[PDB]
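Report on the following structure.
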Number of protein chains: 4
Amino acid sequence: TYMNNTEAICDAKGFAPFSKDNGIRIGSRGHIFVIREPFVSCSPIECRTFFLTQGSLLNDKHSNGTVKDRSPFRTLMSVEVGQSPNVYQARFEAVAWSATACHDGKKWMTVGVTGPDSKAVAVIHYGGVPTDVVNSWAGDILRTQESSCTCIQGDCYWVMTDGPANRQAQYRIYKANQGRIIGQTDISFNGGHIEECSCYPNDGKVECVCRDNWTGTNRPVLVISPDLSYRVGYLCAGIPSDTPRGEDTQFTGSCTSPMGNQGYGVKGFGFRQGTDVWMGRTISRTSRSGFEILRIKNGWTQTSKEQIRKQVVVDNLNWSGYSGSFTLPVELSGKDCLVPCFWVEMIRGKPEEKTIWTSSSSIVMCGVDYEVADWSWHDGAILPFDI
Amino acid sequence: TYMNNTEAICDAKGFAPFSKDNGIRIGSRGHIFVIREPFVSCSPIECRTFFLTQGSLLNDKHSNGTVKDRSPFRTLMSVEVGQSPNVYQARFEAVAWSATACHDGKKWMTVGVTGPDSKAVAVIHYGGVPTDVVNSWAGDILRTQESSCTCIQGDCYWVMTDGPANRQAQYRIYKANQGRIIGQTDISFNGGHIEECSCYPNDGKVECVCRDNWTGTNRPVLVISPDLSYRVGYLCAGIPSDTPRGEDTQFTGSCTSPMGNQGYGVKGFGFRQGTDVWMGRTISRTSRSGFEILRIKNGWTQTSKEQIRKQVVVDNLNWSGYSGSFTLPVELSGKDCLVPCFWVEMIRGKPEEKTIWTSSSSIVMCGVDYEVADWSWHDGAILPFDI
Amino acid sequence: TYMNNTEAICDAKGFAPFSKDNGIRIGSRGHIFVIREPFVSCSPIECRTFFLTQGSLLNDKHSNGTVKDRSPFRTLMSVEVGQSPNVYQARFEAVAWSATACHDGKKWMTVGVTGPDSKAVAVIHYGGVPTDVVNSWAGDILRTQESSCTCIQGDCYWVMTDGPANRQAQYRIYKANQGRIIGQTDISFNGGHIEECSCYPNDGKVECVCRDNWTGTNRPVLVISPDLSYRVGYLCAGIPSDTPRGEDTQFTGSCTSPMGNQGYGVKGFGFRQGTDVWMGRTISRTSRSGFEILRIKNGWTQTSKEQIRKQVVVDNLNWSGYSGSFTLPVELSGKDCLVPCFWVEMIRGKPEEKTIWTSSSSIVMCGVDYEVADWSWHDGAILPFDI
Amino acid sequence: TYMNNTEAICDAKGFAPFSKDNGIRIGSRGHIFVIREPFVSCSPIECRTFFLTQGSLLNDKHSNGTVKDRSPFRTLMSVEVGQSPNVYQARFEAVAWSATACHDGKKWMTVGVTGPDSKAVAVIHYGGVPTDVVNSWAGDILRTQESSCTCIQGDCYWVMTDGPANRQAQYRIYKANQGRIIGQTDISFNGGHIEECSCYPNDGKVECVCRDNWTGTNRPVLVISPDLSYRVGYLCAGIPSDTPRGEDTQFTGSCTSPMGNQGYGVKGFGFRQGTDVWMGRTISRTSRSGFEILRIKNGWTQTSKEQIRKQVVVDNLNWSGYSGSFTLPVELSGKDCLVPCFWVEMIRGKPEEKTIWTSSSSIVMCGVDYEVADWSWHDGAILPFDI
Ligand SMILES: C=CCC1=C(C(=O)O)O[C@@H]([C@H](O)[C@H](O)CO)[C@H](NC(C)=O)[C@H]1O
Ligand SMILES: C=CCC1=C(C(=O)O)O[C@@H]([C@H](O)[C@H](O)CO)[C@H](NC(C)=O)[C@H]1O
Ligand SMILES: C=CCC1=C(C(=O)O)O[C@@H]([C@H](O)[C@H](O)CO)[C@H](NC(C)=O)[C@H]1O
Ligand SMILES: C=CCC1=C(C(=O)O)O[C@@H]([C@H](O)[C@H](O)CO)[C@H](NC(C)=O)[C@H]1O
Ligand SMILES: CC(=O)N[C@@H]1[C@@H](O)[C@H](O)[C@@H](CO)O[C@@H]1O
Ligand SMILES: CC(=O)N[C@@H]1[C@@H](O)[C@H](O)[C@@H](CO)O[C@@H]1O
Ligand SMILES: CC(=O)N[C@@H]1[C@@H](O)[C@H](O)[C@@H](CO)O[C@@H]1O
Ligand SMILES: CC(=O)N[C@@H]1[C@@H](O)[C@H](O)[C@@H](CO)O[C@@H]1O
Ligand SMILES: [Ca+2]
Ligand SMILES: [Ca+2]
Ligand SMILES: [Ca+2]
Ligand SMILES: [Ca+2]
C-alpha cells in the first residue's frame, strides 16, 4: 500500500533524541565503513540510515582518502536507524557519489549518481534493482539531495542540480512512480542557487530547504506541487542558516533573493510550522561545529527575527556537519500529522584533525509536543586512531 | 494481538538455566560491546536481552570508561536471549543511560532516559520510533527500572524515580498504550525509597520488588492496579535481600518500612508465590558476588524467616551484580500461568579487578516444576585482557 | 503443521556431499567458535548445524581448553547447514554440555544437559524457551545423543544415559509434545551399554545406532515404537563399526550382545535399508581418522559380512571423529521416502596435534540414487595457529 | 509461483551500473572470503551474487592458494547483489569447484561439481537441499557455466562439458523441475568446443554465448528449446570476443565454426538484440584487463563488422576477468521484456601481481533505454596486502 503523506507536518515545541550510532567510536575496533552523509528515510515499518562509503573500513590503510570524493568505488548503502555503518548489517543500495532515497509505502526507491564529472549518470533503483536512468543534462557534476526524497500517494519527488559549484547552475525537479520517471521540471531561478535540498511532505506538497553555494547565506526554499508547478524563493526569516554566514545582527532576510556576501555552504534543513519555521544551523558562523535548532515566529512567510524557541543538540566545542529532514510515517507515529525529524552528521578526521582519513557519525531527532533541554550528543571517538 | 498477561504467576519449586551469553569470554577476540544491565523481556515470539553500551568494544582503547556512566554516547540496544551483545546482531533501541523495555503483544515499547542530570528527558519508543516523552519532574537524574516493564491487555506500566540517590526522592508510575502516555501517579512513600524496580504481571496487576538506596536493606514492594491505585510497602520477609545488608539473624522484617542501617543498594528482584516469596540476593552481604534465590514461607504477606527452598546459581567465589524479573508469555510457555524468570548480571573489571574497563555478562533462569541442583554458571573470562 | 515422518527411509546406493563449513580454516582470521559435535537436524524449511561452544573463539587465549568438557560456559548454539559456527550467524539454543535437537514441523525442540556431574539437569526448550526439565536419575553424568532427536506426527523422541562411562549404566527413552515430557521408558539392557545414539525415523518407528562404551565394538541398535515399547540389541552385521575396534576378520557379529574386548568408543551411525544396512566408521581401527560408509547385505537382520558398497568421504590421512544421522523432510526432499543423511566431525588440535586448543569442522552427506566416487573432503586448516 | 521468462529480451542502448561490492578493498580489514567468479542470478524478490571460496579469508595465511583450484574445500556460497563476499552475510549453497545457480520463481536451484577429476559428481540443490546428482560421463573434469542457469515456466536449463580443456570434449544440456533432472541432450559439435556458457531467456528459448577453449577466438552460441532440440554454432559477428584473440582487422567471422588460431579462453557473454548483438570483451587482446561492451549491427545473424555502440566499464589500465549474463525478472523490472544484465569479475593478486593470493571483486550492469558514458568502475584495492 502506498503511503499518504498528504497530512500537515506536526506542530512541535522541541525535538527528542531518536538515535545515535557511535560508529567511529565502534570502528576503532569493529568493521565500520568510512562514511559520509548518514541520512535518514522511513518506510511504513522502519527508518533506515543511508550513507556513502568508498568501500573502505575505519582503521585500515584504505581509509586514507587522499582518494577523490567522486571515485569509482563510492556506493550508497544502508542500515536500520541507530545501527553503525558496519559491514555485516549493511544493505547495498546503489553505485553513487551522490544519492537520495525514499519509500512509497510498497518499495524503496533510491537514486545514485556516478560516472564522469562531464556526463554522470543517475540510476534510479526500485525494489533493489535498476529501473531508470537520468544522464547529466549540462555536463557539470549532475548531483542531488544527500537526504530523503519524498513520496506522496505513490509518486516520488526529488531535486537535482547540474552546473558550477559557484556561479549559476541549473536545477530540476523529477517525479517517479515505481521507479520510472513520470515527469520533470526546470526550476527558474536566475541569480539563485540550489543544491542538496532537504525536503519533507506538508499538506500534499513537497517543501525543501536547500543550499545556495554561490552568494546566499539564506537557504532557498521550494514548494513543489504534484503537477510540478512550484514556488521558489528564499527562506524568509531575518536570520542566516548557512555556513559560512555573517552575524545575525548584520543580516536582513528576504523571501525572494540570496542575502550575504558569502560563497560556499553546508547541507542543512528547515521545517514549516504553519507560518513559523524551525531552522537548523551550526553554532559556529565559520566552522561546521556545534548544532542548534531555532524556531522563528513568522519565519516562513516573513522577514522575522522573532526567536520563539532554541535547542542545542551538539555544543560549539564539537564537530558537526551536514543535516537533513525526514518525516515519520503516520503508520509508525500513529498521529494524524507528519512528525518532522532530522539528522545531524558529525564529521571527524581531516581537515580539522590530524588523521589520514575522514568519516562521520550521526544523531537523529524527532518533533515532540514538549520543550527539550539543551545537550550535546556528539560523536565521541578519541582521535587520532591506530591508523 | 495484545497479550493477556492477566494470569497468576506459576508456582515453582526451582529455576532452570534458560541462557548464558559468555560475552566477555567472546569479546576477548570478537566485537563485543562493553555493556551493563543485560536485562530480559519477551514478546509472544521471542525473549530479547537489552543492555546499555557506551558505543565501545571489549579490548579497545574506547573501553577505558573513566567515562561518565551518564554520557552522551550511552544507547540502549538489544539482541535475542543468549546471544552476546555483539555489534553485528544488535538492534538499536534508544539513546539512554537508563531504560525499561516491554512488548504488548503487537510492538516493542522502550523508554530511554538521556540528557543533562538537571532536566533529563525520557523518550518512549514504539515500533522502533519516538512516540512520546517525559521530562525530569524534579530535576535530579530522572531514571527507571533497568529491567522489563509490564504490559497487561495492551497497556504498559513502569516506575521511575527523580531525586537524590540517598535522602527522600520522588517516584511515579506511568501508563501507556501504543507508546502514548495515558496515565501517571505519584507514589506516596515518605521515609521510603524506590529505584530500579523489578516487576512482572500477577493476577491482572503489576507487582514490583525494588531497591531502597537510602536506609533499607529490605526491598520495597509495589502492587499497581490498571487504574493506577497501588499499595506500597516493604517485602514482608524477616530476611534482608539488598546489598549491602547485615546478618539475617540481626534483622527483623517489616511490611511497611525500611529496616537496616545501610545506605546504598543493588537492583534485585522477587516473585510472589501465593503468600510465599522467592527472593534473590548476592551471597555476599558486602560485595556483589555470588548469587542465590531463597523461597520464604509466607514471605510476601508476613515477617517470616521460614526458608522453604535455596538455589545457588552463582557461587560466592564469583562476581555477580544486578538482577531483574521477567515473565514468559503463555503464547511461548504454553501454560495457563506466567512462568517467573530472572536474569543475573555478572560484572567484570573495575573496580574489583585490575582493568581499564568494566562490562558484564548474564545468566538467565526460568521457573520450573522441580528442585534444581546448586551450581555456578559464572561469567568466565580470563582477566586482565590485552587492553 | 506437524511433520509426518512416518515414511520408509529411502533406499540409496551412495551419498552426495550436502555441505562443508571450513570453520577452522575460516577461524584462522574470522570469529569462529571453538566447537565440538557439529550435528545436523532439519525443519520443513531448512537444515541447521548444532554445536557446543565453550564461549571461546579460534585464535584467542580463551581457546586454551585445559578447561573441563563439562564446564559452566558450555552452550548449545546453531547456524544454517554449511555455515561456519561463527559468532555473528549463531542462534543461541540452550545452556549445555550434552544436547539433542529436533523440529516437529511447527517449532524447534532442544534438550541441553548442564549442571553438576552428580545431579545434572536437562532443560527442554520449545520455540526458543524453557518448557520442561529432567533431573539426573542416577547421579552420574546425565547425558544424551549429541545428534538429531526424532519427531513423528508431533511427538518427539530421544535417548539418554545416566551411569558410568564404563560398566553398566542406565538408559531411558523420553517422549515429548510441544516441549512437555509426555512419556518415558527404562531400557532393559544388562551386560549392554548405550550412549550417544544416532537416530532417524523409519516406518513410523524410531531406530537408533548407538555407542557401547563398555565392551562392545559392535554398535547397539534400538527400535522405539510410538508407545515406548522397543526392541534393543546389537547391529547384526559381522563387521565392527566402533572405534577402537579389532580386525574385521577377527570378529563374529551378534544381534543381541556386545562382541569385541574393547572399552571406549565413538559416536557413529547406521541406516536400515530394508534388511540391509549402511554402516559408518573411521577407516582407522585405533584412531579417529579417515571416514568410510559400507553397505552390508542383510546387515540389519543377520550376521552378514557381505559388503554391497564402500564409499570413502574422509581418507585415512586425515582426522575425523563423531558422526550422526538425520533425515531430510519430505517437505524439502520432495520424495515419498525419508532421505538418510549424516554428518562427520573432523577434529583438529589436541591431543593429536600441537596446539593449545581443540575444535572440529564438518562434512554433511545425503542418500542419493547413485554410486558416488571416493574422495576426501577433509577439514583443511593449517596448524598450529597464531595462538 | 513459477516465473514466466518467456518474454523477449529488452532492446537496449547501453548499460547502467547496478552494483559494486568493493570486497578486496574491504577485506584489507574486514572478513572477506577469497573468491572467484562473482556471478549474479535473480529470484522474483532479489538478485544474489554467487561465488566460490576455498574457505579462506583475505589477509590470512590460508589465502596462500598454492592450493589446487579444484580442492576439497571449495564451496559455492552467496550474498545479496552488491554485498561483499563476507563471512557474516554469506548463505551456504553447495560443495563446488564449478557451479550454476538459478531460481524458478518458487525456490533456488543450485548445481555444484565436486569430487575427483576422474569421476566428479555434480549435486543439484533445491530449496537449500540435495535433490539429485549427475556423475562424470567422460571422466575428465565434469564442469559447468560459472554463471546463472535459466528457468522458463518452472523448468531449469544448463550446460555442462566433460573432456579435455583443449581438443574435442563432450557437452550436454540438462533440464530440471523442482531439482529433479527431467531431460538431457548431447550437443553435436565436432571440431567445436563449449565451456562456461553465459545464458539468458529470450522468446521462450534459452540462448548461450560460451567459451571455446580449443581453437576459437569467436564464442559459440547455443539456442535450446524447451524440448531439448537446439541449434549450435558460433556467434556470427566479424569481431572476435574471446581472450586471447588476434586483431579485429585480421579476423573474418563465422556462424558455424571456430575462427582464430588461438587456444585458451575466458568466460564472457553476449546478448541477442533482435538480429543485432551486444558482445562483451576484455579491451586487451592478450590479457584479462579492461572491459568493453560493443553492439554489432546484424551481429547475431551475420558476419557483421558494423559497430552500432561501445561502452567502456573497466579501462585498459585495470584488471578484469570472467563475465556472465543474467536477466531481471519482470516481477522486479516491472517491464514486459527481460532486462539483459551482466557482471564482470576483476581479478587481483597472482599471477599478475606480487601477492601470495588471488581473489576478485565485481561490477554489475543492466540494460537501460539510453547511451551510458564511458568509465572505469575498477576493483580498487591497494596491493600487496599485509599478507
Ligand atoms: C564530503 C563531501 C561532501 C560534499 C560537499 C561539501 O560541501 O563538503 O560538497 C558537495 C559540493 O561539491 C558542493 O555542494 C559544491 O557543489 C559534494 N558533492 C559532490 C558529489 O561533489 C559533497 O561530497
Ligand atoms: C553501572 C552503573 C550502575 C548503576 C548504579 C549502581 O548502583 O551501580 O547506580 C544507579 C544509581 O546511581 C543509583 O541507584 C543511585 O541512585 C545508576 N543509575 C544512573 C543512570 O545513574 C546505574 O548506572
Ligand atoms: C569432546 C568430547 C566428546 C565426548 C566424548 C568423547 O568420547 O570424546 O565422551 C563422552 C563421554 O564421556 C563418553 O561417552 C564416556 O561416557 C562425552 N560426554 C560428556 C558430556 O561427558 C563427550 O564430550
Ligand atoms: C580461477 C579459475 C578459473 C578457471 C579457469 C580459467 O580459465 O581461469 O579455467 C577453467 C578451465 O580449466 C578451463 O576452462 C579449461 O577447461 C576452470 N574450471 C575448473 C574448475 O577447472 C576455472 O576454475
Ligand atoms: C597519506 C598517504 O598515504 N599518501 C600516499 C603517499 O605516500 C604517496 O606518495 C602518494 C601516491 O601513492 O599519495 C598517497 O596518498
Ligand atoms: C586510564 C586512562 O587511559 N586514562 C587517561 C589518562 O591517561 C589521561 O591523562 C586523562 C585525560 O585524557 O584520563 C584518561 O582517562
Ligand atoms: C596451556 C596454558 O595456558 N596453561 C595455563 C598454565 O600456564 C597455568 O599455570 C595453569 C593455571 O592457570 O593452567 C593453564 O591452563
Ligand atoms: C607461498 C608459501 O607459503 N608456500 C609454502 C612453502 O613455504 C612450502 O615449502 C610448501 C609446502 O608447504 O608450499 C607452501 O605453499
Ligand atoms: Ca552559501
Ligand atoms: Ca539499601
Ligand atoms: Ca566400544
Ligand atoms: Ca579460445
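We did not get these values from a lab; they are worked out from the coordinates using the rules stated. Positions of Cβ are backbone-derived with ideal geometry, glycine not excepted, and every protein chain shown enters the neighbour counts.
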### Highest-fluctuation residue, B:54, B:153, B:250 considered, GNM on chain B with Cα pairs under 10 Å
B:250
## Note on the structure
Inter-chain shielding metric for C:108-114, i.e. average beta-carbon neighbours from other chains within 10 angstrom, reads 1
### Query
What does the average come to when, for each residue of peptide B:50-62, you count the partner chain Cβ atoms lying within 10 Å of its Cβ?
5
### Task
Show which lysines lie in cross-link reach of residue A:267 when reach means a straight Cα distance below 20 angstrom and same-chain residues fewer than eight apart are skipped.
A:20, A:68, A:310, A:350
### Task
Taking only Cα atoms and a 10 Å spring cutoff, compute GNM fluctuations for chain A and point out the largest among A:121, A:206, A:372.
A:372
### Message
At 7 angstrom along the Cα-to-beta-carbon line, where would the label on residue C:185 sit relative to the other copies? Give the distances in nm, shortest first.
### Response
5.6, 5.6, 7.8
### Query
Relative to the other copies, what are the label-point distances for residue C:153, with labels 7 Å from Cα along the C-beta vector, expressed in nm at one decimal and sorted shortest first?
4.2, 4.2, 5.9
### Task
Ignore the peptide's own chain and count Cβ atoms of other chains within 10 Å of each Cβ in C:95-102; give me the average, rounded.
2
### Task
Mind ranking C:303-312, B:4-13 by how tightly packed they are, going by the mean number of other C-beta atoms within 10 angstrom, highest first?
B:4-13, C:303-312
### Net charge of Cβ neighbours under 11 Å - reference residue A:227; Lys, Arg +1; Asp, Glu -1
+1
#### Entry: Chain D, rotation onto A, residue closest to that axis via Cβ, with its distance in Å
D:88, 3
#### Entry: Peptides C:34-43, C:325-334, B:277-286 ordered by average Cβ neighbours within 10 Å, highest first
C:34-43, C:325-334, B:277-286
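Can you put B:78, D:118 in order of Cβ neighbours within 10 angstrom, beginning with the fewest?
Numbers: B:78 25, D:118 11.
The most exposed by this proxy come first: D:118, B:78.
Among the GluC sites (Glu not before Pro) in region B:113-199, which ones are in a DSSP loop with at most 13 other Cβ atoms within 10 Å of the Cβ? Mind listing them?
Working: sites: B:146, B:195, B:196; in loops: B:146.
Taking region B:113-199 and a limit of 13 other Cβ atoms within 10 Å, no loop GluC sites (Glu not before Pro) are found.
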### Message
Once you keep just the Cα pairs under 8 angstrom separated by 6 or more residues, what percentage relative contact order results for region B:29-177?
### Response
17
### Message
Relative contact order of region A:212-270, please, whole-number percent, based on alpha carbon pairs below 8 angstrom and at least 6 residues apart.
### Response
42
### Query
Excluding same-chain residues fewer than 8 positions from residue A:119, which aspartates and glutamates have a Cα within less than 17 Å of its Cα?
A:69, A:132, A:140, A:162, D:315, D:369, D:371, D:374
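Give the order of D:149, C:236 when sorted by the count of other beta carbons within 10 angstrom, beginning with the fewest.
Final ranking by Cβ density, sparse to dense: C:236, D:149.
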### Shape call, chain D: gyration tensor on alpha carbons, a/c limit 1.5
rounded
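With a 10 Å radius around each residue's Cβ, average the other Cβ atoms per peptide and rank C:95-107, B:133-145, highest first.
Final packing ranking: C:95-107, B:133-145.
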#### Entry: Taking chain C and dividing mean pair separation by its residue count, relative contact order in percent (alpha carbons under 8 Å, at least six apart)
18
### Message
If I build a Gaussian network model for chain A, linking alpha-carbon pairs within less than 10 angstrom, which residue out of A:317, A:57, A:338 has the largest mean-square fluctuation?
### Response
A:317
### Query
Measuring label to label, 7 Å along Cα→Cβ, what does residue A:137 give against each other copy in nm, shortest first?
5.7, 5.7, 8.1
### Cut-off 10 Å between beta-carbons: net charge of the residues surrounding residue D:161, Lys and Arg +1, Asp and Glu -1
-1
